[PDB]
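An overview of the molecular structure
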Amino acid sequence: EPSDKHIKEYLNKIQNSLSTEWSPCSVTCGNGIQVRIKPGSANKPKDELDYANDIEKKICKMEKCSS
Amino acid sequence: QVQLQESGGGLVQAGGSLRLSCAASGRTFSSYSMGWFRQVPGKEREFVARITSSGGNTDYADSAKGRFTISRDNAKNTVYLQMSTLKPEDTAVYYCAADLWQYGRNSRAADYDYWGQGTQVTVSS
């Protein structure tokens, strides 16, 4: 699984893009995360978003990484 | 990774005030959102306050709103918890925690990444 670290660093990168639309996969190969704002929370200011309740996350599986 | 060490806990009379400190190793302190939790026997840590890495915005549990103030000094690599109007029910071990998510709100112990050793606050009536 994508680690908590990975997920949070991705959230830090795309904070200003974060919306109710699912983000791209955070990785181009291997397993990563997609994130979005829970639609019922579209109204909240972005610095009021609760990590567990307003940020939805799911694993996205891409092609294997080269070695 | 960073290492956290809390201090400032002790014995305080009810109605009193107390300031706890939590210092971090390394030079990446400022990239972490910092939280304070507290723990009583038989129960898991409960959220007290949070201060984000990006913009120093703050958030408070219901038990702490109006009474407590969380602040940080990144030059000193320290986050602070200023508590006032202390009651016996506030007796607990107080923990600081670091969270790599730099924005927003976060009140679950499971969703923080690094933990201090805790400092005991005893409030007598």
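Rules used in this analysis
Residues numbered from 1 in each chain as written, not as in the entry; some residues may be left out. Chains lettered and ligands numbered in written order. Heavy atoms only, no water. Residues with missing side-chain atoms left out of burial classes, pairs and counts. Helix = DSSP H or I, 4+ residues; strand = E, 2+ residues; numbered from the N terminus. Rg over C-alpha atoms; globule rule 2.2 N^0.38 Å. Disulfide = S-S within 2.5 Å. Buried < 20%, exposed > 50% of the residue type's maximum accessible area, 1.4 Å probe, protein only. Contact = heavy atoms within 4.5 Å.

Per the deposited record, the coordinates in this entry were obtained by X-ray crystallography to a resolution of 2.07 Å.

Concerning the overall build of chain B
For chain B, the count of helices and strands is 0 helices and 11 strands. Going residue by residue from the N terminus, the α and β elements of chain B occur as β-β-β-β-β-β-β-β-β-β-β. For chain B, the C-alpha radius of gyration of 13 Å lies close to 14 Å, the compact-globule estimate for 125 residues. Taken along the three principal axes of its C-alpha coordinates, chain B extends 40 × 25 × 25 Å.

Remarks on the state of the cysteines
Residue and element names in this part refer to chain A. Evaluated as defined, the whole model comprises 3 disulfides over all chains. Bridging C25 to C60, the disulfide has an S-S length of 2.0 Å. Residues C25 and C60 are joined through a disulfide that is right-handed, its torsion about the S-S bond being 85°. With a gap of 35 residues between them, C25 in the loop between α1 (4-13) and β1 (31-37) and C60 in strand β2 (residues 55-61) connect regions that are remote in the sequence. One exposure class covers both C25 and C60, and it is buried. One disulfide in the model links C29 with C65; its S-S distance is 2.0 Å. The sign of the S-S torsion, about 95°, decides the handedness of the disulfide formed by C29 and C65: right-handed. In this pair, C29 is assigned in the loop between α1 and β1 and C65 in the segment after β2, connecting sequence segments 36 residues apart. On the basis of relative accessibility, which here comes to 24%, the residue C29 falls in the partly exposed class. The exposure class assigned to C65 is partly exposed, which follows from its relative accessible area of 41%.

What to know about α1 of chain A
Residues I7, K8, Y10, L11 and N12 of chain A constitute the buried set of α1 of chain A. Buried positions along α1 of chain A lie against β1 and β2 of chain A together with β9 (92-99) of chain B.

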